[PDB]
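Numbered according to the deposited numbering, the sequence shown spans residues 144 to 252, 269 to 321, 352 to 373, 379 to 435, 458 to 489, 497 to 523, 526 to 530, 544 to 753, 760 to 972, 981 to 1093.
Below: one structure, written as structure tokens.
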Amino acid sequence: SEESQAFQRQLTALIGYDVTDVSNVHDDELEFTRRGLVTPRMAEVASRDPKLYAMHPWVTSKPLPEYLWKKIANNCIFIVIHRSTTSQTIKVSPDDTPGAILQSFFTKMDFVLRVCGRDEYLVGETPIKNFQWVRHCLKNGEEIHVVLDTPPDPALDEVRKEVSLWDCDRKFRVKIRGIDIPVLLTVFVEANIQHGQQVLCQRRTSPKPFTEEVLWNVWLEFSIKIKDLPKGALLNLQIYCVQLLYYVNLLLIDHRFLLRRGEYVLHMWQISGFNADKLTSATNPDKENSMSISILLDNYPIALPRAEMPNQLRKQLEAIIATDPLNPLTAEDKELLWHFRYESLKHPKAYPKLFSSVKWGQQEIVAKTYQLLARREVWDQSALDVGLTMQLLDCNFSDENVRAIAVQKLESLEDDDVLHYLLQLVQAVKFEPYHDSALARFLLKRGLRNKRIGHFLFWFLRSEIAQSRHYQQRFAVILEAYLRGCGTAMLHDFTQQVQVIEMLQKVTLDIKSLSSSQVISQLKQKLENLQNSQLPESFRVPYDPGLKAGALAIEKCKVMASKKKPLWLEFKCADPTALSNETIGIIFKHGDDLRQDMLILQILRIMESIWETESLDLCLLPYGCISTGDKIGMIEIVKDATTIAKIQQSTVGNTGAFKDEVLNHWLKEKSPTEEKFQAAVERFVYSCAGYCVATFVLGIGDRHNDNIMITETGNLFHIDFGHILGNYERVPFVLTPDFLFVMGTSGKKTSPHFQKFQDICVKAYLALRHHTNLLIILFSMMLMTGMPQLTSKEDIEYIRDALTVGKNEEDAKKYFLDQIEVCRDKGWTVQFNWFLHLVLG
Ligand SMILES: COc1ccc(NC(=O)c2cccc3c(N)nc(C)nc23)cn1
């Protein structure tokens, strides 16, 4: 058609990348994937309930926590129903199904129950105690306001209609024609055959003089038969001089199972100054500058098609299965897992170590490994272990079938859990040898089945497309596939949103250039222009899709006194049913890598989710944060909060003479009573401990005073995680004298609140250790995909020591309290030191 020719231009401006383009491709893999994705896309669209998909109920099957049960009067929950302007407060049992609440309105005295101010509906067949919003009200002690109205039209979601390799004993060989850098030592090419970070063979070239062009025309005969080549095997080409400068990759087996034959000119990636970018099958799009390599792949079509056990052996094997994800496997260890593979198969915990013990560079081994994969009764049966599942999806596993068993294990996750691991499952796509994968398709099904998962999948993919050339092509193909099945309704939200954000990033960047009262002029001025026939009436808040932002409260908007000039924007809620008049506060900033903040913030939600399994509430504040392009993005403004340094500058003022008594005063000054004050002390002890533990585990505990905030209600929380991770005497974390003074203690004393503090830190700390493997994998994955240059290895290893791996709960609990002591002993040294650094250099 033509309407479908104008449509591709819409998607391209939505994706932020032109997919259809073929200027930076050397094969039809991406086109092949775009085609391949059409089936799971249309398959999912066809299978989704149009009503339940339109109202996207935000449910959960996890048992309502203890803290929220101890927060109920008597199996009675009050809901406030609203219509015209007329209210009503009804009684509801925690098992009161939503639809049956209308037979408690047409019997107690057609339509659906929406929420006041939010695009959240209380539809579907679930007990009310199971709606996120309900659990959110109960947690923070609030009234449940519903605005009974007409269900959205499912018609609005409507989608726009549409020779065997095993026969050559021939040793693999590659011809290095040469390299050529269009601009400038000695130089040598390094050709590696890899599979799951495991190096099968290595070759080189004679060191030639580093000139603007270098030729060899040499054949590099590897010590690997053509038939011993596994799918997902990479030819890795690196240029040294001794330091590496470029590298580029080529899959020695394509998407069609054919051995790669032909002439290749690969525009190579440069090094700066391990991470995910080094694994890409994508070539550099920039040719005017990029180093190039020319190679030849012989072009003669070659396609790719139980007894007993001793006692000390079982014990050595058990000692292997037990060991954490980062403990390396010796040659002796691997040879053991392999020989006793059938016994190793009975333990799902053995799968990452057992599959790492596989000699992938050998045809016969892979075969026995697939024979091993067919007898998967135990794995397929056992309860889902995300931590174990995440391990098979990392950089260590290039095998299609191994990776697929992990994806099938994810298939059982409810939407609630996909949203917890979404960001990291999307980052895990970088570990996929191919563009089309079970994981790529899994993210597609999940995004298309649920609007919340789909809204977030959009921004996550969009973020990557804009700031990563190594993966934008692949990610762009997944986003396009998502957009062709989400519906024209959401396809409209995504458009309003992109329009709004791009207008605001322009304002961010421009104001950043004019660097004063003069700045306060332009900002407000530009915020008037965009507020005309350019910016639409409203838009969904990208970090809170249930919120619609209206007009810009121009009077409240401003530039912040930072090295960079982030906008402090404020919007009216664009929804009349809104039970309040409070604005929507967003910070727009360029200069810090917001992807790192997203990662940590997401790990924080997981730690909050871990603590829920043990009825604990450490009151964390993982505020909304969406990366939108390079250095640029937005941040949720936490309401009624100040930095700990500002509370100090308030009654000491830019000095460093940190008063141990200030904070506790500030709280009383803010407290409407002496009671809400105790709740503010109650919330403090919790939030403080929560961040104390979580910050320590992640190794971001030693923070700046300016980089820590508190709410006028006791809620403490760290910020700028992309500050330390983005460039970083010492301390575990931050348990300053002003904090301890709020906990009734002084110097080397004790009080009931502080004893409580330590008892919360012990419960919390140990509660995370029951999830060691999970946290290790997430931390490990995060550093490989989000903290570039900050990989080394000794960086990953940090988390092992923090979680005190191998230690008993008793060795651990002691370690933490002593970690707390480093604070009591340091007092203000650290803070005063950061002051001596962070404000005076
Ligand atoms: C490194 O990325 C960043 C950058 C800034 C921030 N936050 C702030 O600068 C910042 C400043 C003032 C108020 C707030 C606030 N109320 N809430 C939040 C999250 N951040 C704030 C968090 N992460």
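Idealized CB from N, CA, C, for every residue including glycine.
Q. For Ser-515, does the three-state DSSP call read helix, strand or coil?
A. strand
Q | Identity of the residue in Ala-642, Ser-594, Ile-603 nearest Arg-614 by Cα | A | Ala-642
**Q.** Between the CA atoms of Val-937 and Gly-996 - distance to the nearest angstrom
**A.** 21 Å
Q.
Looking at ligand 1, does it come within less than 6 Å of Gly-966, judged from the CB to the closest heavy atom?
A. yes
**Q.** Bounding residues of the alpha helix (DSSP H) (the contiguous stretch that carries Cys-275)
**A.** First-last for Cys-275: undefined, no H or E at that position.
Q) Closest by CA to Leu-1035, which one among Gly-300, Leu-468, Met-484, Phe-497? A) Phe-497
Q. Considering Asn-639, what are the terminal residues of the alpha helix (DSSP H) in which it resides?
A. 638-648
(Q) Need the endpoints of the alpha helix (DSSP H) that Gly-179 sits in, please. (A) 172-190
Q.
So, for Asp-632: in the same chain, excluding its five sequence neighbours on each side, which residues have a beta-carbon less than 8 Å away from its beta-carbon?
A. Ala-666, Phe-669, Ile-1029, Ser-1032, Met-1033, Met-1036
**Q.** In DSSP terms, what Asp-308 is bridged to
**A.** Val-271
Q.
Could you check if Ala-885 belongs to the surroundings of ligand 1, using beta carbon to heavy atom distance under 6 Å?
A. yes
Q) Are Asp-950 and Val-983 touching if we call contact CB-CB under 7 Å? A) no
Q) What residues match up with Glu-880 in a beta bridge as DSSP calls it? A) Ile-830
Q. Under a three-way DSSP split, which group does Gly-966 fall into?
A. helix
Q) What do you reckon, is the C-beta of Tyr-867 under 6 Å from a heavy atom of ligand 1? A) yes
Q: Return the chain-ordered ranges of every alpha helix (DSSP H) run that is complete within the region 545-622 and spans a minimum of 4 residues.
A: 550-560, 569-577, 579-582, 589-594, 601-612, 615-619
Q | Start and end residues, alpha helix (DSSP H) containing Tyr-787 | A | Unbroken run through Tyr-787: none, as it is neither H nor E.
Q.
How far does the alpha helix (DSSP H) with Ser-147 in it extend, from its first residue to its last?
A. 146-158
Q: Could you say which of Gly-868, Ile-847, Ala-499 lies nearest to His-708 if we only look at CA atoms?
A: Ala-499
Q. Are there 16 or more other CB atoms within 10 angstroms of the CB of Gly-999, so buried, or fewer, so exposed?
A. exposed
Q. Looking at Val-882 and ligand 1, is the gap between the Cβ and the nearest heavy atom below 6 Å?
A. yes
Q: Pick out whichever of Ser-230, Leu-207, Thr-250, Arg-366 has its Cα sitting closest to the Cα of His-295.
A: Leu-207
Q) Do you know how far the Cα of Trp-598 is from the Cα of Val-202? A) 43 Å
Q | 7 Å Cβ cutoff met for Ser-871 and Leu-838 | A | yes
Q) Hey, would you say the C-beta of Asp-841 is under 6 Å away from at least one heavy atom of ligand 1? A) yes
Q) From which residue to which residue does the beta strand (DSSP E) around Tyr-463 run? A) 460-467
Q | 7 Å Cβ cutoff met for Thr-506 and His-483 | A | yes
(Q) With a threshold of 8 Å on Cβ separation, who are the neighbours of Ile-215 within its own chain once the five nearest residues in sequence on each side are excluded? (A) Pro-237, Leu-297
Q | Length of the line joining the Cα atoms of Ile-879 and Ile-831 | A | 5 Å
Q) Under 7 Å between the Cβ atoms of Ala-727 and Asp-164? A) no
Q: Under 6 Å Cβ to Cβ from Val-271, same chain only, skipping five residues before and after it: list those, please.
A: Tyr-280, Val-282, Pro-310
Q.
Using CA atoms only, rank isn't needed, just tell me which of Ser-1044, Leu-610, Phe-713 is closest to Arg-700.
A. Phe-713
(Q) Are the CB atoms of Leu-354 and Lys-419 within a distance shorter than 7 Å? (A) no
Q.
Can you tell me whether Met-1033 is helix, strand or coil according to DSSP?
A. helix
Q: Evaluate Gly-897 with the Cβ neighbour count: other Cβ atoms within 10 Å of its Cβ, from every protein chain shown; 16 or more gives buried, anything less gives exposed.
A: exposed
Q) Quick one: Cα of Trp-413 to Cα of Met-741, how far? A) 54 Å
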